[PDB]
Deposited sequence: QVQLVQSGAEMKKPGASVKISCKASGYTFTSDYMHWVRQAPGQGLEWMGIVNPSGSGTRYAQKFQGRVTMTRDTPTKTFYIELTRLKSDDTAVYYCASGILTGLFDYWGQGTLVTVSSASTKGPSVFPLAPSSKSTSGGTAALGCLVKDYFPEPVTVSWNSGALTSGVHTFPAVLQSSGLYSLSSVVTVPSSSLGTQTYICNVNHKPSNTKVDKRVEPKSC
């Protein structure tokens, strides 16, 4: 089976360059045109370029002409993209894709998040959202970099009524997020409500109880 495995997430300052790899398996890697496609968070897809099976022929999208470079190494079965002069606009999830069947995008890699920002890595601050039929409570996960962040309640005991909103980028350049859960009002004195937030990029894990 065709399988494309990309390298991990990257953090870059503006003006720097980045190089993502895409390792193929399960097929010869000598037949297929390959593509690079990117998608900014909450935005549409955007094609970047194509490479012929020998790797001697490429055609980039005009927006990235002169700043992107795509290469291929059959003996390692690896596909590469090199983007330079990075700006905040280049923050996106980048996908490698094989065109073995149609010449389009028939098989995809898992994708790689590339966050271009002057901000440095920073673990979240966490603040309670105190409850006043049904009651509401939550946690404010604020001032963290980069994405992503995962949140859980009572370390998996709570699921129903939980909502973990998408992160929003603040003007400071750090992300902020809120996670909320709906509960019956009677249980506010009889049940402990603890949000668990793990920021893998900083290896920060924080727990926060939410009393009234």
Practice problem: Please list, in sequence order, every stretch of the deposited sequence that lacks C-alpha coordinates. | Solution: 133-138, 219-221
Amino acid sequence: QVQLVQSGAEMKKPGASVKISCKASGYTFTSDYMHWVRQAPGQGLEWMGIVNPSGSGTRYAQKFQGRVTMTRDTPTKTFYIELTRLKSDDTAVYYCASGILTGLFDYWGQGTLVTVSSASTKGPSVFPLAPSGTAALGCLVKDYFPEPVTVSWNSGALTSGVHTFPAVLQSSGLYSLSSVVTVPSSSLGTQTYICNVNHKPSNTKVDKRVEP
From here on, numbers count along this sequence of modelled residues.
Self-check item: 9-17 or 190-198, whichever carries the higher mean Cα B-factor
Solution: 190-198
Practice problem: Give the stretch, out of 135-143 and 95-103, with the larger mean C-alpha temperature factor in the deposited entry. | Solution: 135-143
Practice problem: Compare the CA B factors listed in the entry for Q43, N154, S54, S176 and report the winner. | Solution: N154
Exercise. Name the residue from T71, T74, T115, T112 with the greatest C-alpha temperature factor listed in the entry.
Key: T74
Quiz item: So where's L129 on the chain's Cα temperature factor ranking, which third?
Solution: middle
Quiz item: If you rank every modelled residue in this chain by C-alpha B factor, which third holds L158: lowest, middle or highest?
Solution: highest
Quiz item: How does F29 rank on Cα B-factor within its chain, lowest, middle or highest third?
Solution: highest
Practice problem: Report the third (lowest, middle or highest) to which the CA temperature factor of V183 belongs, ranking only the modelled residues of the same chain. | Solution: highest
